[PDB]
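*Asks:*
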Amino acid sequence: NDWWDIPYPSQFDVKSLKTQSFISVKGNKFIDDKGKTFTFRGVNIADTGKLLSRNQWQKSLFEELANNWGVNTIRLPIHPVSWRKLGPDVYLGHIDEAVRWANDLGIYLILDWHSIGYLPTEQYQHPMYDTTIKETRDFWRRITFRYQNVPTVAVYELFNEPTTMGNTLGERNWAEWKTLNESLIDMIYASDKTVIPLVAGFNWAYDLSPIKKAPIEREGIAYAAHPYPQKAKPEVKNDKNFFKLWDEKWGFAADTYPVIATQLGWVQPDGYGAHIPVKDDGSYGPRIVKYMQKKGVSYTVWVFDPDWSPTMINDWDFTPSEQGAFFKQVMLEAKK
Amino acid sequence: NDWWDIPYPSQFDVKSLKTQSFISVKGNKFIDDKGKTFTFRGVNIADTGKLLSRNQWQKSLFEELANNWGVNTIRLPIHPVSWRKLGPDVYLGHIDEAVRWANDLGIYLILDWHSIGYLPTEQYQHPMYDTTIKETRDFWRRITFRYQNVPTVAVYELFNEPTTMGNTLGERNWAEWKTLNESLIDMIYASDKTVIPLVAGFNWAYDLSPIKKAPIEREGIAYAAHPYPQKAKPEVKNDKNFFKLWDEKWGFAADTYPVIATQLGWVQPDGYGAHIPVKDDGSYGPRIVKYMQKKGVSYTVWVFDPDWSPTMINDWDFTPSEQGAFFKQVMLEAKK
Amino acid sequence: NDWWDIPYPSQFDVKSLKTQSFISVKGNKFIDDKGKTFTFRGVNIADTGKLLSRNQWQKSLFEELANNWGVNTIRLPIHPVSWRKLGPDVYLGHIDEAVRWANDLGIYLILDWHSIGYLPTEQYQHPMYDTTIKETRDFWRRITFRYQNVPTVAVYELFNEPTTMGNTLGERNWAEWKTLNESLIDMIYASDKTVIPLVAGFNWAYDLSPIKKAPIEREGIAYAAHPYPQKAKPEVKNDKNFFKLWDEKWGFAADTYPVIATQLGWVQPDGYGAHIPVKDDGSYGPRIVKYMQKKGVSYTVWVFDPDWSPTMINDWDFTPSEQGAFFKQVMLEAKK
Ligand SMILES: OC[C@H]1O[C@@H](O[C@@H]2[C@@H](O)[C@H](O[C@H]3[C@H](O)[C@@H](O)[C@H](O[C@H]4[C@H](O)[C@@H](O)[C@H](O)O[C@@H]4CO)O[C@@H]3CO)O[C@H](CO)[C@H]2O)[C@H](O)[C@@H](O)[C@@H]1O
Ligand SMILES: OC[C@H]1O[C@@H](O[C@@H]2[C@@H](O)[C@H](O[C@H]3[C@H](O)[C@@H](O)[C@H](O[C@H]4[C@H](O)[C@@H](O)[C@H](O)O[C@@H]4CO)O[C@@H]3CO)O[C@H](CO)[C@H]2O)[C@H](O)[C@@H](O)[C@@H]1O
Ligand SMILES: OC[C@H]1O[C@@H](O[C@@H]2[C@@H](O)[C@H](O[C@H]3[C@H](O)[C@@H](O)[C@H](O[C@H]4[C@H](O)[C@@H](O)[C@H](O)O[C@@H]4CO)O[C@@H]3CO)O[C@H](CO)[C@H]2O)[C@H](O)[C@@H](O)[C@@H]1O
Ligand SMILES: [Cl-]
Ligand SMILES: [Cl-]
Ligand SMILES: [Cl-]
Ligand SMILES: [Cl-]
Ligand SMILES: [Cl-]
Ligand SMILES: [Cl-]
Ligand SMILES: [Mg+2]
Ligand SMILES: [Mg+2]
Ligand SMILES: [Mg+2]
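Residue numbers (PDB author numbering), protein chains in the order written: chain A, 29 to 364; chain A', 29 to 364; chain A'', 29 to 364. A prime marks a further copy of an entry chain.
(1) From the beta carbon of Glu189 (chain A''), is the nearest beta carbon of chain A' less than 8 angstroms away?
(2) Residues of the segment 156-183 of chain A'' with a CB closer than 8 angstroms to any CB of chain A': list them in chain order, please.
(3) Could you tell me whether the Cβ of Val109 (chain A') comes closer than 8 angstroms to any Cβ of chain A?
(4) Is any heavy atom in ligand 5 found nearer than 7 angstroms to the beta carbon of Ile304 (chain A)?
(5) Hey, how far is the Cα of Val109 (chain A) from the Cα of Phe173 (chain A'')?
(6) List, in chain order, every chain A'' residue whose beta-carbon is nearer than 9 angstroms to that of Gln151 (chain A).
(7) What's the gap between the Cα of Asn56 (chain A) and the Cα of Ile106 (chain A'')?
(8) If you measure between the beta carbons of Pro179 (chain A') and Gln48 (chain A'), is that distance less than 8 angstroms?
(9) Buried or exposed for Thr164 (chain A''), please, with buried defined as at least 16 other CB atoms from any protein chain shown within 10 angstroms of its CB.
(10) From A'':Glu150, A'':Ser81, A'':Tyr146 and A'':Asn95, pick the residue whose C-alpha is nearest to that of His122 (chain A''); which is it?
(11) Which residues neighbour ligand 6 when neighbourhood means a C-beta less than 6 angstroms away from any of its non-hydrogen atoms? List them by chain order.
(12) Would you say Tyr152 (chain A'') touches ligand 3, meaning its beta carbon is less than 7 angstroms from a heavy atom?
(13) Could you work out which residue in A':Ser337, A':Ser52, A':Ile144 and A':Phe40 is closest to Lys64 (chain A') when comparing CA atoms only?
(14) Ligand 1 and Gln291 (chain A): does the residue's C-beta get closer than 7 angstroms to at least one heavy atom of that ligand?
(15) Just to confirm my understanding: we take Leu360 (chain A), look at its own chain, exclude 5 residues before and 5 after, and list those with CB closer than 6 angstroms. What are they?
(16) Short of 8 angstroms Cβ to Cβ, which residues in the segment 30-44 of chain A face chain A'?
(17) Please identify the residue among A:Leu137, A:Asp30, A:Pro338 and A:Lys241 whose C-alpha is closest to the C-alpha of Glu185 (chain A).
(18) Counting only Cβ-Cβ distances shorter than 8 angstroms, please list the residues of the segment 207-233 of chain A' near chain A'', keeping chain order.
(19) Taking only the alpha-carbon atoms, compute the straight-line gap between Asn100 (chain A') and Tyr217 (chain A') and give it to the nearest angstrom.
(20) Just to check, is the beta-carbon of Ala182 (chain A) closer than 7 angstroms to a non-hydrogen atom of ligand 10?
(21) Could you check whether the Cβ of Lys364 (chain A') sits closer than 8 angstroms to any Cβ belonging to chain A?
(22) Could you tell me which of A:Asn188, A:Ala252, A:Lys364 and A:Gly145 sits nearest to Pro286 (chain A), measuring between CA atoms?
(23) How many angstroms separate the CA atom of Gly77 (chain A') from the CA atom of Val331 (chain A')?
(24) Output the distance between the C-alpha atoms of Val127 (chain A') and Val181 (chain A'), rounded to the nearest integer angstrom.
(25) For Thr192 (chain A), count neighbouring C-beta atoms within 10 Å of its own C-beta (all shown protein chains included) and say buried if the count is 16 or more, exposed if not.
(26) Take the Cβ of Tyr36 (chain A') as the centre, count every other Cβ of all protein chains shown within 10 Å, and call the residue buried at 16 or more, exposed below.
(27) Cα-Cα, which of A:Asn29, A:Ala74, A:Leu120 and A:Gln39 is closest to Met340 (chain A)?
(28) Distance cutoff 8 angstroms, beta carbons only. Does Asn195 (chain A'') sit that close to anything in chain A'?
(29) Taking 7 angstroms as the cut-off, does the CB of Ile144 (chain A') come closer than this to any heavy atom belonging to ligand 2?
(30) Spell out a yes or no on whether the segment 299-307 of chain A' and the segment 254-261 of chain A' are touching, meaning 3 or more CB-CB pairs, one atom from each, closer than 8 angstroms.
(31) According to a CB-to-CB cut-off of less than 9 angstroms, which residues of the segment 74-89 of chain A'' neighbour chain A'?
(32) What span of residues does the alpha helix (DSSP H) with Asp275 (chain A) cover, start to end?
(33) Three or more C-beta pairs under 8 angstroms: does that hold for the segment 233-241 of chain A'' against the segment 207-224 of chain A?
(34) Which residues in the same chain have their Cβ closer than 7 angstroms to the Cβ of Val325 (chain A'), if we skip the five residues on either side of it in sequence?
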């Protein structure tokens, strides 16, 4: 009504949660607050607004994943268009639901500001990802305040997929991107020092190689990787050659910092919603899992949804897709 | 209708005003155009839009202040949300009213772009204060053009209360803020060299100390200070200790440049709309007045409104509040 | 409907066009792809949205110009307010029409992002020109993608008229403007290397003199000039004195780079829609044409419209205005 009476914001009520360990960074590993090494293992679900539109934003979704798919983590890809469409207040109210659901089940959330493009020039792959530096800062300001001292919310993934699309969106420049990530980290750490910022490299969060010489100059962070099957292109398709290429671009990072592969997965080239870079004959599955397990790398498969591809499920009865069936058994075995 | 026919803007008609002295900066003082030392002494009123909503935007308001409260100055806190809500054209049309009313009564206006936060990152304490560098420049561009050669409009207070809220809004950086103020000053001086820009420091316009080594590198400006009672926190509460702390952070500035305390005031801790940093037992009143009178510091008390706190009045019949009664007698005595 | 289903954009179908030479830059000249020196000679028409509003956006308009006025070029001044009003999708669909019409007639288009002001501070002469760096980049991103490999679209005129209006809009700074143009060029060249970027100087695209020491550091570009009659102000009004002043500020550029005078023209001081800087007794016409022909300078007269001034026509039956009659004969003679 009267703009001067608009309330100041409130923080999530931590008393509403059951006891749950905080996850933290220690050297190249995540650890829980009992000191035990921890690996994020789980899935993406679709944007909250997408799920709400078909009445699929429900605790039953989290229960299925925790109880039947072996997950300890769900990644929420918050699309800026949806953040605007629902509005911050309403969107945050739904994130609160996810927090309570995850907490009840003893699982963790990665909050992902889900854009694709080059934030320093504010140019993007598609309008669903459109944002500004101002809006991006404000999202992280609001999130960090609201979820202060909440162990369930473990990771703040600052910007899903940095890319300039062959420099059509701007001139990719590591120093500039590094500085902007450091700026976001500083805002976050000023508000909550317990959360783990997750930083991505260029080429759609595939190339971490700039961190060899110029890593982000902040402690307690982890690095993202999106090792989709068609990103590495060896002439001879075997474990050794893929492993070497992955090592060069992103895997080396796990020697020094924790790494979360926050997107990975495949569909057959003639399968549902097939597109570059997610097409594969299936051999990628065992290979990427072997690689990640060798390096202790964390992961959230894309995507546990029957509409968005590559799918893990064929329907809302959770009939597994090819990749779904594969990762389900991997996660169930890892949980044991 | 057709965007190509939208008129270019017009300037305030100076022929509509009665003769009134221009106020200017000379060394550490303000002077009128007869050469006599001048002190701004007055009050804030509420945002124009707030007053309009209850039909309280009236000349009778200015008349009460000039005739009965001893003021020579009114500060208008133009909130960006209200600037947008009324629209520039309509808001400026109401500022024109204030100009004619003030001019008729021989009093002056401070125009305050009333935001709280960190403009370089475009992050703010509350959405009522939300703005951008672009909108802020445009506000000053429009204001400076419209009120060219108008003596009644004396001071352009560029940004009410700079703060990063413990670096949650961004990393406070004096060089960056100094440069941005210099940029705004350059736009203003390109359009009207007679106006006085008023520059604020960090910690909600409390800390001017960076100007000891790095003052804004422009002539004819003054500095703002917001010495609310709870800003200085001496262990022993007496004149000497408060004076020393005020000296350290803002009072020293008055030795070299003119200073306007554009917000100050108090309410009892159990009084109406009490909040940090405006709570005091009342002893602050005599103390801040003694301090300002000693240093020749100008001031506008916050706020001459019965709804917005700390109030100077309890109702629209102008029943004085505690601080209202106090400052009313101070201003009346100073006017004599 | 559902934002995740919003289509990715498509490119203009080059198979829809008849064969037409590409125009390119070679040293200080334009050449066609047969190697012959080429001069752009033509007119501006009004903004597409302006023409649509009165049902004047028609192929008949292009046919009149190509068949009866001797043009080989039409400049389209795309106003940001109109880009927003129609929306990118609809505006681009109308530009597609112009492409097909021009191509059919064997003539070329200059696409002009038609703003006036200082892009680095995002401050402008009038709201019809209002834009941001983000919107400007996005316009060029969309344009370059859509018209890839289209010979008909020859020139991308990045920003119509740079000016700070006496530094009221910001502090003019060549290094800053040069860098921003280079940034836009890099985005464009990443998407289509065949197009010709057209760069403007300060003082409403009049002053190219900064390029003597600090030219844009990219190949294949041309420079704009807007030599309106009142821009040069010799005390003695003859060819020699105007030529010298034009030489100093913009004409020298044609010695080293190709130049397009993308706005020029006049109306009598007591004529229709007369204003600075377009007022002249008519002697300017022969003088500017003589000057341009001497230097091999390309041009598009402002403006072939009966409402927008200075006009080339008095009505939609194409009754020529004074300047219209003059330039019509110049262009017809040049075409022969
Ligand atoms: O396009 C060629 C280039 O592709 C590059 O890979 C991109 C890839 O990283 C990206 O991965 C994710 C997106 O992050 C995610 O948003 C998207 O979700 C879609 C979903 O696929 C649709 O079914 C649904 O309707 O809408 C959602 C919207 O979020 O899922 C993909 C993984 O499938 O996807 C984009 C295209 O969407 C890829 O462009 C690659 O890195 C380059 O090498 C390549 O040139
Ligand atoms: O919040 C803790 C921190 O407070 C810091 O002080 C801030 C103070 O400087 C600021 O002063 C003014 C505002 O500038 C002014 O906008 C506000 O007006 C309110 C009014 O109080 C309400 O009654 C009304 O409904 O809405 C108007 C909107 O303009 O009045 C205050 C003075 O009372 O106020 C803010 C809070 O509003 C303070 O945060 C302090 O500097 C820090 O040390 C402290 O940590
Ligand atoms: O104003 C004083 C200053 O004028 C400066 O010249 C400007 C001049 O370059 C500019 O040229 C073009 C504009 O680019 C173009 O947009 C405008 O179109 C108008 C048209 O004139 C109207 O009839 C119509 O209704 O609306 C369109 C909107 O696009 O046409 C002019 C040429 O006539 O025009 C502006 C004013 O419109 C000039 O300010 C000059 O360079 C300075 O020296 C001078 O101080
Ligand atoms: Cl990239
Ligand atoms: Cl594909
Ligand atoms: Cl601060
Ligand atoms: Cl309080
Ligand atoms: Cl200029
Ligand atoms: Cl004029
Ligand atoms: Mg947390
Ligand atoms: Mg004035
Ligand atoms: Mg082309």
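Even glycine gets a Cβ: it sits at the ideal position worked out from N, Cα and C.
*Replies:* Looking at the atomic coordinates:
(1) For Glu189 (chain A''), not one C-beta of chain A' is nearer than 8 angstroms to its own C-beta.
(2) Against chain A' - using a Cβ distance shorter than 8 angstroms - the residues of the segment 156-183 of chain A'' are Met156 and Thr160.
(3) For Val109 (chain A'), the nearest beta carbon of chain A is closer than 8 angstroms to its own beta carbon.
(4) It does: the Cβ of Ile304 (chain A) is within 7 angstroms (strictly closer) of some heavy atom of ligand 5.
(5) Computed Cα separation, rounded: 23 angstroms.
(6) Here the neighbours are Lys162, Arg165, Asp166, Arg169 and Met215.
(7) Using only the alpha carbons, I get a separation of about 53 angstroms.
(8) Taking 8 angstroms as the cut-off, the beta carbon of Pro179 (chain A') is found closer than this to the beta carbon of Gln48 (chain A').
(9) Buried, by the Cβ-count rule.
(10) Measuring from the Cα of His122 (chain A''), the nearest candidate turns out to be A'':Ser81.
(11) Those residues that have a beta carbon less than 6 angstroms away from any non-hydrogen atom of ligand 6 are, in order along the chain, A':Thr191, A':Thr192, A':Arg200, A':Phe230 and A':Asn231.
(12) Remark: the shortest separation between the CB of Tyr152 (chain A'') and any heavy atom of ligand 3 does not fall under 7 angstroms.
(13) Checking every option, the nearest Cα to that of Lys64 (chain A') belongs to A':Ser52.
(14) Set against 7 angstroms, the gap from the CB of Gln291 (chain A) to the closest heavy atom of ligand 1 is smaller.
(15) Beyond the five residues adjoining it in sequence on each side, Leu360 (chain A) comes within less than 6 angstroms, by CB distance, of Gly98 in the same chain, given in chain order.
(16) Those residues of the segment 30-44 of chain A placed with their C-beta closer than 8 angstroms to a C-beta in chain A' are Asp30, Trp31, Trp32, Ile34 and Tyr36, ordered along the chain.
(17) Of the candidates A:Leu137, A:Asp30, A:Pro338 and A:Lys241, the one whose C-alpha sits nearest the C-alpha of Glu185 (chain A) is A:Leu137.
(18) So the list reads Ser211, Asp214, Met215, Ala218 and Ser219, given in the order they occur along the chain.
(19) CA-to-CA, the gap between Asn100 (chain A') and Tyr217 (chain A') works out to about 25 angstroms.
(20) Yes, the beta carbon of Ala182 (chain A) sits closer than 7 angstroms to at least one heavy atom of ligand 10.
(21) No, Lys364 (chain A') does not count as interfacial toward chain A.
(22) Closest by C-alpha distance to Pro286 (chain A), out of A:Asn188, A:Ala252, A:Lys364 and A:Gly145, is A:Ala252.
(23) When the Cα atoms are used, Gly77 (chain A') and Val331 (chain A') turn out to be separated by approximately 15 angstroms.
(24) Looking at the two C-alpha atoms, the distance is approximately 7 angstroms.
(25) Looking at its Cβ environment, which holds 16 or more other Cβ atoms inside 10 Å, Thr192 (chain A) is buried.
(26) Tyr36 (chain A') should be labelled exposed.
(27) Answer by Cα proximity: A:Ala74.
(28) Using beta-carbon distances, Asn195 (chain A'') counts as an interface residue toward chain A', with a partner under 8 angstroms.
(29) If you check the C-beta of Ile144 (chain A') against ligand 2, you find a heavy atom less than 7 angstroms away.
(30) Contact between the segment 299-307 of chain A' and the segment 254-261 of chain A' is present: 3 or more CB-CB pairs across the two stretches fall below 8 angstroms.
(31) Within the segment 74-89 of chain A'', the residues whose Cβ lies closer than 9 angstroms to some Cβ of chain A' are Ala74, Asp75, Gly77, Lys78 and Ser81, listed in chain order.
(32) From DSSP, the alpha helix (DSSP H) with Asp275 (chain A) extends over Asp267 to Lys277.
(33) Note that the segment 233-241 of chain A'' does not touch the segment 207-224 of chain A; fewer than 3 beta-carbon pairs, one per stretch, sit closer than 8 angstroms.
(34) Within the same chain, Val325 (chain A') has close Cβ partners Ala282, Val287 and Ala289.
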